[PDB]
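Just follow the structure's listing: the first ligand is 1, and inside any ligand the first atom is 1. Note that the numbering runs from 1 along the sequence shown for the chain. Just so it is clear, the values below take in all heavy atoms, side chains as well, and ignore hydrogens, waters and symmetry mates.
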Amino acid sequence: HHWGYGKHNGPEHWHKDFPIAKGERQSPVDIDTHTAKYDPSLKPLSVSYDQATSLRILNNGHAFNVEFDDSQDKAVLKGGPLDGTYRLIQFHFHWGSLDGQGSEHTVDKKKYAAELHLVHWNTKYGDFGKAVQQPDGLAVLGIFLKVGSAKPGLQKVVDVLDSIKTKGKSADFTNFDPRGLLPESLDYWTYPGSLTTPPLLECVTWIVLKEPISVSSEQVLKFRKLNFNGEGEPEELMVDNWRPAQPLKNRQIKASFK
Ligand SMILES: NS(=O)(=O)c1ccc(F)cc1
Ligand SMILES: [Hg+2]
Ligand SMILES: [Zn+2]
């Protein structure tokens, strides 16, 4: 009836309705650290999230998204491998049923427990819908999450999950500061890719951070208690909402550090 991550509508079937799945610049991919080219001409990232306005949080049956007011240049990403300004529209996570899987990108075949995606769109295109029709319309900042110590800034997110347990539920989520989810260093790898969920459009410049953030076992436990199903339908726990690594093909992954 629609795509998902189950046996019958999972990643291995998406190509049937989304032919782009077998394309040339699909994500995610495995980051081979020994083959990434150090590119000294890449500039440092400029993450300016101080006037950021979160509006709400919702469960959409695939994951949960925290949405921001993107009608103005209030929270932006610039510099790095980018030309122009990209406005923050929302962020979400991909996670697993077990601590040893959950991330979409891998490092030297290594899978982390989850992965954060901060989605931005190229302001030169006017709105989000126009950006997805261009090769450089989107910029997604990806951060790996590892099980260890509790992350203070993640707790607000964790406290509200209970109010959006099933598909379609939302709740107001104001005054959330996204800066509390970043690691100390902004060293990164970059490559041309795509959305990791249908429609799988190849409009993305991926920026994967080297240093992961650590979150407590209890914090990740609460993610696994959400539901794929809407209210009143049989329960299907929301876990393993990740796409396996795709072939690199004719692409090169660059690194901003030696
Ligand atoms: N997971 S992701 O590639 O960052 C993604 C971003 C925006 C979407 F609308 C759908 C998927
Ligand atoms: Hg595109
Ligand atoms: Zn994502």
>> Parallel, tilted or perpendicular: which one describes the rings of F176 and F91, with boundaries at 30° and 60°?
In response: tilted
> Are the side chain of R87 and the backbone N or O of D70 linked by a donor-acceptor pair below 3.5 Å?
Replying inline: yes
>> Are any of the N/O atoms on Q90, whether in the backbone or the side chain, positioned under 3.5 angstrom from an N/O atom of ligand 1?
In response: no
> In terms of the angle between their ring planes, are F64 and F223 parallel, tilted or perpendicular, with boundaries placed at 30° and 60°?
Replying inline: perpendicular
> So which protein heavy atom does atom 11 (C) of ligand 1 come closest to, and at what separation?
Replying inline: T197 OG1, 3.4 Å
>> Please verify the inter-ring angle class for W3 with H62; under 30° counts as parallel, over 60° as perpendicular, anything in between as tilted.
In response: parallel
>> Any donor-acceptor pair under 3.5 Å linking the side-chain atoms of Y86 with those of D136?
In response: no
> Less than 4.0 Å between a side-chain N and a carboxylate O, is that true for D127 and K130?
Replying inline: yes
>> Taking 4.0 angstrom as the limit and counting only heavy atoms of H117, give me the atoms of ligand 1 inside it, by number and element.
In response: 1 (N), 2 (S), 4 (O)
> With a 4.0 Å heavy-atom cut-off (strictly under), which part of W206 contacts ligand 1: side chain, backbone, both or neither?
Replying inline: side chain
>> Quick test: of every protein heavy atom, which one is nearest to atom 9 (F) of ligand 1, and how far off is it to 0.1 Å?
In response: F128 CZ, 4.3 Å
>> Quick check: of its N, O or S atoms, which one does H117 have closest to the Zn ion (ligand 3)?
In response: ND1
> Near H92, which atoms of ligand 1 are under 4.0 Å from a heavy atom of that residue?
Replying inline: 1 (N), 2 (S), 4 (O), 5 (C), 6 (C)
> Side chains of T166 and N227: donor-acceptor distance under 3.5 Å anywhere?
Replying inline: no
>> Any heavy-atom pair between the side chains of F257 and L42 that's under 4.5 Å?
In response: no
> How is the N/O/S atom of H94 that comes nearest to the Zn ion (ligand 3) named?
Replying inline: NE2
> Going by the order shown, which atoms of ligand 1 are within less than 4.0 Å of some heavy atom of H94?
Replying inline: 1 (N)
> Which of the listed options, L195, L201, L141, holds the heavy atom that is closest to atom 8 (C) of ligand 1?
Replying inline: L195
> For atom 3 (O) of ligand 1, what's the nearest protein heavy atom and its distance?
Replying inline: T196 N, 3.0 Å
